[PDB]
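To keep things clear, I will list the structure first and then write my remarks on it.
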Amino acid sequence: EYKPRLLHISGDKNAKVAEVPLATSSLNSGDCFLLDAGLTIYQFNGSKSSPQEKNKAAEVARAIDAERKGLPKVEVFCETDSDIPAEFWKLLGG
């Protein structure tokens, strides 16, 4: 099947970000997250925490931005409510 990627951007006051395997349930709503799917990519940023993961994340998305040359499509949002749109959760969870 396609090659999905689960990146995580968060760490309460001790922010930390790094690669991660699939995880729809073990996800982390509230901090900024990034899933990579073939050409599309959803930075499911989480509003319960904006500055830590927004910095560490914007850092990660920037590097991926220069690596793929923007060829792929991205979707970024650090939201909490409605944080589970069947489309993204169907992608990595379904």
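Here Cβ is always computed from backbone atoms with ideal geometry, including for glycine, and neighbour counts include all displayed protein chains. Taken together, the values in this text are just the output of simple stated rules run on the coordinates, not laboratory data.
Loop-located trypsin sites (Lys or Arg not before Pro) in the range 1-86 (DSSP state other than H, G, I, E, B) with a sparse environment of at most 13 neighbouring Cβ atoms within 10 Å: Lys13, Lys69. Rounded to a whole number, what is D in µm²/s for the chain from Stokes-Einstein with the Kirkwood radius over alpha-carbon pairs (4 °C, 1.567 mPa s)? Estimated diffusion coefficient is 100 µm²/s. Based on Cα contacts under 8 Å between residues 6+ apart, the chain shows a relative contact order of 30 percent. Taking a sphere under 15 Å around the Cβ of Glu75 and counting the other residues whose Cβ falls inside, with K and R at +1 and D and E at -1, yields a net charge of -1. Residues whose amide H falls under 5 Å from that of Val17, counting only those 5 or more places apart or on a different chain, are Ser10, with hydrogens built in the peptide plane.
Among beta bridges from DSSP that stay inside the chain, the antiparallel ones total about 70%. Among residues other than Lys48 with Cβ under 14 Å from its Cβ, the summed charge is -4 (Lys and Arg +1, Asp and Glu -1).
Here is how the number arises for the chain: DSSP H runs of 4 or more residues each give -39500 (n - 2.57), the sum is divided by the residue count, and the result at 222 nm is -6500 deg cm²/dmol.
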